[PDB]
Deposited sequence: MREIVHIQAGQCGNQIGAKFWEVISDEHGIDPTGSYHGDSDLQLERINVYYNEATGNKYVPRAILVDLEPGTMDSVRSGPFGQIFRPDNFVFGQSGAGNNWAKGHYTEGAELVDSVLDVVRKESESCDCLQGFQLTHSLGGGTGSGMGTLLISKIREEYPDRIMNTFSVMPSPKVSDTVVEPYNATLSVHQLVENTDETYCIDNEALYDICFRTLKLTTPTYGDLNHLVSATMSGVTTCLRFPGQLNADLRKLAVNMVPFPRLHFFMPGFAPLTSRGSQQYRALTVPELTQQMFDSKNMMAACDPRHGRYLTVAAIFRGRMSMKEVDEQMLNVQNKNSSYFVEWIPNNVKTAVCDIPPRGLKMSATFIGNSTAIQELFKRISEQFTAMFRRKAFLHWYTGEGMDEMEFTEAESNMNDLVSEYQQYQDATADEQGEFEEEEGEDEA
């Protein structure tokens, strides 16, 4: 089908969301003012998926911006494409959430959630046939994690037949030395297992490791990390925005990629890796299955692919991709499950990103993602066993039993992943 409504919530959600819109606007010939300056009609066929058409032939992003911290509003406005979002679509509270999931989910964030829903309804009713939602956020803070999961749940209550898709940035001690973030992410994962159809797991442990160890950036910044994110989000949404041959939408993605309802957490991957200032088809198909090119800090060779999608971008032989994908699928045979036949899908798109002649984007549903959940589970449990700072949460009305249940659900998820790794 067609239209997607995008919500970005909290600091990380808004910072990576803003870069997403700068990146695809340049790909679609949209300028900071909104006017179309492209030289190819292929940029306009499916522009309706992400942009509404305004009077005077100007395209406004189907984008909703929410935070409990008003300071985020001014920052997005002060960006280059900051004067393109609908001012009516800015929804900002008074006091933030102070990295407190419970303030996002139960108190401060709950008070604002009706106002966000009003603009979601307005943006939804003006869609010909809305296919679903996307949400950008971090799991480690208070607003994106706490208020984001609340907003997801109320949306899924009111739009139970539409697809809910998230880009969810997982915390790393290497990037944020804030010890309550295992709490916030675990409590959110509990909700995400139940209330999203498909979740892209973007891991700041991966992004930092990529910049530092591979890109030689001695001191990575959020700008450096989000350059990686922006390339990934552009890649995974390529089929949604250009014609190609995959009549692309989010629900077909879910049907083909998610064999079991809870195992809907994707490991993305990108090639080539590049910095913010600085290839053959066989080199791409090899990098795409390399652990160092994943955006989730785990080893695909420690598990088994259930389902995989690739998107090649640029000018290349359809046969050369088909042949190389065949090759990679033969040498790595013991890393694909054998009870889902034909479980690797290739897409090709003529239009490459900016500054690249050819790129590849990987989307994998792999049992190896349990290593990310195991990592967060260990850190959650270390803090939880000493009950460190638990009163910051219970003081907002949370019951302590909500921690053990989130912890039990995450260990159940790691187990479910292991079962289908073992299966034959």
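J.: Where are the gaps relative to the deposited sequence?
T.: Holes in the chain trace, numbered from 1: 279-283, 430-445.
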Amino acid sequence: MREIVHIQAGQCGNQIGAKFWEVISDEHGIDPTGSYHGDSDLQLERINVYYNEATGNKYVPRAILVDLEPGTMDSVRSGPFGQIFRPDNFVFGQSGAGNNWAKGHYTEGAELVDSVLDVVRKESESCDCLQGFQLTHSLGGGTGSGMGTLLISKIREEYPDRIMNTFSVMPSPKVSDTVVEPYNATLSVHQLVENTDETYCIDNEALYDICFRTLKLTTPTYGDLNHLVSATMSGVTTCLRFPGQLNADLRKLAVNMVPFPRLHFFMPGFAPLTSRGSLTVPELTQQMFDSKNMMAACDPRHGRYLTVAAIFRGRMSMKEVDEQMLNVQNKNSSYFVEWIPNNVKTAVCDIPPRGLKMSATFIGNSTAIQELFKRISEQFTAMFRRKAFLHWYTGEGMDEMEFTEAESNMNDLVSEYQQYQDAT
From here on, numbers count along this sequence of modelled residues.
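Definition used throughout: the rigid core is the maximal C-alpha set that superposes within 1.5 Å between two forms.
J.: Comparing C-alpha positions in 8 other deposited structures of this protein against this form, with the rigid core used for the fit, which stretch differs more, 149-157 or 177-185?
T.: Of 149-157 and 177-185, the stretch deviating more in 8 other deposited structures of this protein is 177-185.
J.: With the rigid core held as the alignment frame, decide whether 253-261 or 239-247 lies farther from the shown form in 8 other deposited structures of this protein, in terms of RMS C-alpha distance.
T.: Between the two stretches, 239-247 moves farther in 8 other deposited structures of this protein.
J.: Among other entries of this protein with both neighbours modelled, does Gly144 go without coordinates in a third or more of them?
T.: no, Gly144 modelled in all other entries.
J.: Do at least a third of the other compared PDB entries leave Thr107 without coordinates?
T.: No; none of the other entries leave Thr107 out.
J.: If you average the CA temperature factors as listed in the entry, which stretch comes out higher, 286-294 or 339-347?
T.: For C-alpha atoms only, the mean B-factor is higher in 286-294.
J.: Read off the CA B-factors in the entry, average them over 367-375 and over 28-36, and name the higher stretch.
T.: The stretch with the larger mean CA B-factor is 28-36.
J.: For the listed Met358, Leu390, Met383, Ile64, which has the peak Cα B-factor recorded in the PDB entry?
T.: If I rank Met358, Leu390, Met383, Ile64 by C-alpha B-factor, first place goes to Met358.
J.: Which of these, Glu125, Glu194, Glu181, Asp299, has its C-alpha atom at the highest B-factor, as the entry lists it?
T.: Result of the comparison over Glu125, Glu194, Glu181, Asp299: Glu125.
J.: Lowest, middle or highest third: where is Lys154 by C-alpha B factor in its chain?
T.: Middle third, going by the recorded CA B-factors of the chain.
J.: Can you work out whether the C-alpha temperature factor of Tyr222 puts it in the lowest, middle or highest third of the chain?
T.: Tercile = middle for this residue's CA B-factor.
J.: Among the modelled residues of its chain, does the C-alpha B-factor of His105 lie in the lowest, middle or highest third?
T.: Middle third by C-alpha B-factor.
J.: Ordered by C-alpha B-factor within the chain, which third holds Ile84? Give me lowest, middle or highest, please.
T.: As the PDB entry reports it, the C-alpha B-factor of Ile84 lands in the highest third of its chain.
J.: Determine, from the deposited record, the chain-internal third of the Cα B-factor for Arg213: lowest, middle or highest.
T.: Middle third of the chain for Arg213's C-alpha B-factor.
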